[PDB]
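First, one chain by itself in structure tokens, the form solved without its partner chain.
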């Protein structure tokens, strides 16, 4: 028989065991048929994730999936007559694990550093920060990053002298007045928010050094 690939959102919560699909042998007219399942997730590590009911053929999921651990399973179903003979061809069972937004973006570094000549103009780029989200960024924004500036210290000649590009993470100088003799170094706190700014948010540091 044939089962069409099955899409299960990770991190579900049943109730378990959850019935995913029912395997059927045509030959249950000449005998009772005993069903069984084999493959990664069933009888090899990680064992017990999937299972099939001996008599009914109901395909079972026994625990929530974690797409970030195993995104896809390829199981194999088998029909055995009561007298012990295999009655069908081994049927492939495809399980695809679909993403929920269960990861917080992380900066590639705890502290990014960069320099600029005291005299550069507003609009000048200093550095490019990056954050990585293990969630899916293809069909959803669960792993898309929005960048923000958390805070600026110190605040002379005033606050918010830097902006960050929302998608690229490029930090730029937006105001005049830089001066090494007055403030050699600015310590920015940077933020990264998945769902393109709507979800979880993590922080890092950006140290901008002012070059005489």
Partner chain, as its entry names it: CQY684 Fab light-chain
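Numbering follows the first chain given and starts at 1.
Higher average CA B factor: 26-34, of the stretches 26-34 and 50-58. Checked against the record, the higher mean CA B factor of 59-67 and 144-152 lies with 59-67. Compared with the other modelled residues of the chain, the Cα B-factor recorded for residue 206 ranks in the lowest third. Ranked by C-alpha B-factor against the other modelled residues of its chain, residue 107 falls in the highest third. Looking at the C-alpha B-factors along this chain, the one for residue 93 belongs to the highest third. Sorting the modelled residues of the chain by their CA temperature factor places residue 165 in the lowest third. Looking at the C-alpha B-factors along this chain, the one for residue 138 belongs to the highest third.
The form solved in complex with its partner chain is left out here; the points below concern that form.
Within 4.5 Å of its partner chain in the deposited bound form, a heavy atom is found for none of 158, 178 and 184.
The closest non-hydrogen atom of residue 63 lies within 4.5 Å of its partner chain in the deposited bound form.
Its partner chain in the deposited bound form is approached by residue 48, whose closest heavy atom lies within 4.5 angstroms of it. Heavy atoms of residue 151 never reach within 4.5 Å of its partner chain in the deposited bound form, leaving it off the interface. When each C-alpha is placed with whichever rigid part superposes it better, residue 64 ends up apart from residue 163 in the two-part motion between the shown form and the other one.
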